[PDB]
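Shown next, in structure tokens, is the structure this report addresses.
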């Protein structure tokens with residue numbers, strides 16, 4: 001019973017890596033997004049500044065943010081400006097997450113090679129298309 | 001009072017064809033501050049001085065848009081009528097507003 | 001004091017079947033002020049010394065009547081329990097009084 | 001030199017006609033129903049108090065992940081395993097498929113058994129489809 005596959009989530013990958021800038025000037029993300037279940041371990045990230053499940057009392061309201069670490073064997077990507085990659089979205093309890101920062105232990109050992117990801121909850125924002 | 005036969009004949013030239021939703025009241029200017037795109041609405045034949053929509057109409061409203069008032073148009077871009085829907089609606093994500101029944105009537 | 005097993009066998013013999021409404025308290029005479037007509041009422045099996053009806057009872061109250069009391073009647077046609085209505089209801093016109101829940105019990 | 005006593009108590013409640021459709025309210029159970037198929041883990045056991053009368057709340061999520069109205073479906077059937085089969089209520093107003101349990105249903109049930117709740121919906125084109133397969137325990 002590997003702990004590396006305890007939790008099971010759904011990842012949205014922008015498979016059709018297009019991500020072009022329209023003639024007007026705005027950003028048009030990939031039109032084709034697929035959602036396939038993966039497996040991994042999601043744990044709170046405890047390191048100094050990083051805040052987990054912390055409500056921030058702004059003079060505009062109360063915003064909530066969190067940062068979890070993700071141990072998994074899947075090769076989730078992150079937004080890259082050279083290969084025109086556009087990150088991966090993890091889901092916990094419905095809320096969308098983003099894979100900022102990556103550690104790549106892919107080849108090192110035999111039965112223990114794994115990726116470590118830092119997933120961050122996406123802030124609430126009004127959505128406009130382009 | 002006016003005659004129903006007259007009321008039927010007078011209403012046979014309106015023929016609205018497209019419907020457009022506005023966030024603000026278009027009475028002052030029905031040519032401004034549009035939200036959706038012109039979507040076809042087909043009306044019935046004049047009966048008892050009251051025309052009605054034949055089939056339901058689905059208008060795709062973009063995201064972060066509000067619809068509060070509606071307007072009808074004809075082939076030559078001439079706003080025959082304006083009105084207000086039941087209540088304002090805010091579509092956070094891209095949604096659809098369905099028109100269940102439009103009944104232009106003159107029978108007071 | 002009685003036991004639960006003792007009380008359950010007691011209530012297994014009531015079987016009230018008809019209910020009639022009164023304007024003043026029957027107590028002394030259950031044959032007076034028979035405002036309504038006996039209408040069937042169904043009870044349940046005793047549970048911890050308590051019986052409850054299964055469904056609402058629609059009593060056809062005649063017009064110009066003020067219903068304020070209540071008294072059960074079994075198959076033997078001999079009243080076994082009397083109670084108030086908790087509020088005097090005056091049906092100025094012909095109405096339909098409805099009972100939501102009856103409960104006869106001996107838990108003190 | 002010994003005497004045991006007792007007492008009586010009778011209660012009533014009326015809601016004088018009003019020509020309505022009563023005000024029936026007794027339940028807390030409302031269930032999910034994704035049409036695409038839902039952490040799998042182990043499904044939880046819905047617990048209805050034996051006796052009483054619960055109102056099963058089934059919410060039709062369309063098959064991307066969105067609530068959908070109770071449309072197309074013209075017949076809905078609750079078919080708790082080897083107990084009974086009764087039609088449900090397609091509620092336009094609350095936009096839910098609901099069913100209330102009565103005393104008659106409990107005459108064919110036993111307190112404690114973990115039955116399976118299977119919900120079938122039939123559209124206009126006569127296509128039976130299983131929506132839910134939750135397990136219920138009447139404790």
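We did not get these values from a lab; they are worked out from the coordinates using the rules stated. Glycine gets a Cβ as well: all are built from the backbone with ideal geometry, and neighbour counts include every protein chain shown.
Being surrounded by fewer than 16 Cβ atoms within 10 Å (Cβ to Cβ) and in contact with a helix residue (DSSP H, G or I) (Cβ under 9 Å, 6 or more places away or on another chain) holds for only one residue in B:58, B:48, and it is B:48. Filter the range C:72-89 for residues that are in a strand (DSSP E or B) and more than 10 Å from chain D (Cβ to nearest Cβ); which is nearest to residue D:21 (Cα to Cα)? Within the range C:72-89, the match that is nearest to residue D:21 (Cα to Cα) is C:88. The residue list D:65, D:36, D:40 contains one member that is surrounded by 12 or more Cβ atoms within 10 Å (Cβ to Cβ) and more than 14 Å from chain C (Cβ to nearest Cβ), which is D:65.
Can you tell me which of D:10, D:4, D:24 is surrounded by 13 or more Cβ atoms within 10 Å (Cβ to Cβ), within 12 Å of another protein chain (Cβ to nearest Cβ) and either at negative phi or not in a loop (DSSP other than H, G, I, E, B) (or both)?
Values: D:4 fails: surrounded by 13 or more Cβ atoms within 10 Å (Cβ to Cβ); D:24 fails: surrounded by 13 or more Cβ atoms within 10 Å (Cβ to Cβ).
Being surrounded by 13 or more Cβ atoms within 10 Å (Cβ to Cβ), within 12 Å of another protein chain (Cβ to nearest Cβ) and either at negative phi or not in a loop (DSSP other than H, G, I, E, B) (or both) holds for just one of D:10, D:4, D:24, which is D:10.
Would you mind stating whether residue A:56 is within 14 Å of chain D (Cβ to nearest Cβ) and either touching a helix residue (DSSP H, G or I) at 6+ places or on another chain (Cβ under 8 Å) or in a strand (DSSP E or B) (or both)? Answer is no for this residue. Is the range C:19-26 home to any residue that is assigned to a strand (DSSP E or B), within 12 Å of chain D (Cβ to nearest Cβ), within 24 Å of residue D:16 (Cα to Cα) and in contact with a helix residue (DSSP H, G or I) (Cβ under 9 Å, 6 or more places away or on another chain)? Scanning the range C:19-26 turns up no residue that is assigned to a strand (DSSP E or B), within 12 Å of chain D (Cβ to nearest Cβ), within 24 Å of residue D:16 (Cα to Cα) and in contact with a helix residue (DSSP H, G or I) (Cβ under 9 Å, 6 or more places away or on another chain). Taking the criterion of being within 15 Å of residue A:99 (Cβ to Cβ) and in a loop (DSSP other than H, G, I, E, B), the only residue of the range A:1-14 that qualifies is A:14. Go through the residues of the range A:76-83 one by one and say whether even a single one is assigned to a loop (DSSP other than H, G, I, E, B), within 15 Å of the chain's Cα centre (by Cα) and within 30 Å of residue B:35 (Cα to Cα). For the range A:76-83, residues assigned to a loop (DSSP other than H, G, I, E, B), within 15 Å of the chain's Cα centre (by Cα) and within 30 Å of residue B:35 (Cα to Cα): absent. Residues in the range A:33-48 that are under 19 Å from the mean Cα position of the chain (by Cα), surrounded by fewer than 11 Cβ atoms within 10 Å (Cβ to Cβ) and not in a strand (DSSP E or B): A:46, A:47.
This table checks each residue for (1) surrounded by 12 or more Cβ atoms within 10 Å (Cβ to Cβ); (2) within 12 Å of the chain's Cα centre (by Cα).
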position	(1), (2)
C:35	yes, no
C:74	yes, yes
C:77	no, no
C:93	no, no
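Selection of first residues in the range D:30-46 that are farther than 19 Å from residue D:76 by Cα and of second residues that are loosely packed, with under 10 Cβ neighbours inside 10 Å, restricted to Cβ pairs under 9 Å at least 6 apart or on distinct chains, gives an empty result. Restricting A:96, A:116 to residues that are surrounded by 15 or more Cβ atoms within 10 Å (Cβ to Cβ), part of a strand (DSSP E or B) and touching a strand residue (DSSP E or B) at 6+ places or on another chain (Cβ under 7 Å) narrows the list to A:116.
Could you list, in sequence order, all residues of the range B:90-100 that are closer than 16 Å to residue B:39 by Cβ and within 14 Å of chain A (Cβ to nearest Cβ)? Write out each step before concluding.
Here is the first cut: in the range B:90-100, the residues closer than 16 Å to residue B:39 by Cβ are B:91, B:94-100.
Result: B:91, B:94, B:95.
Give the range B:30-65 a look and list any residue that's out of contact with any strand residue (DSSP E or B) (no Cβ under 7 Å at 6 or more places or on another chain) and within 14 Å of another protein chain (Cβ to nearest Cβ), or say none. B:37, B:62, B:64, listed by residue number.
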